[PDB]
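Student: Have a look at this one.
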Amino acid sequence: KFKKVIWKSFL
């Protein structure tokens with residue numbers, strides 16, 4: 001799995 005950033009969703 002990728003530990004990318006979920007900032008797009010947080011915004």
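Chains: A, B, ... in order of the structure tokens. Residues: from 1 per chain. Ligands: from 1, in order shown.
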Could you go through chain A and tell me which residues DSSP, when run on the backbone, assigns to helix (DSSP H, G or I), listing them as a PDB file with C-alpha atoms, in the first residue's frame?
Tutor:
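Here's the written file part_23.pdb:
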```
ATOM      1  CA  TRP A   7      -4.467  16.257   2.220  1.00  0.00           C
ATOM      2  CA  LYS A   8      -6.701  16.423  -0.853  1.00  0.00           C
ATOM      3  CA  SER A   9      -9.480  14.905   1.256  1.00  0.00           C
ATOM      4  CA  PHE A  10      -8.656  16.894   4.392  1.00  0.00           C
TER       5      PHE A  10
END
```
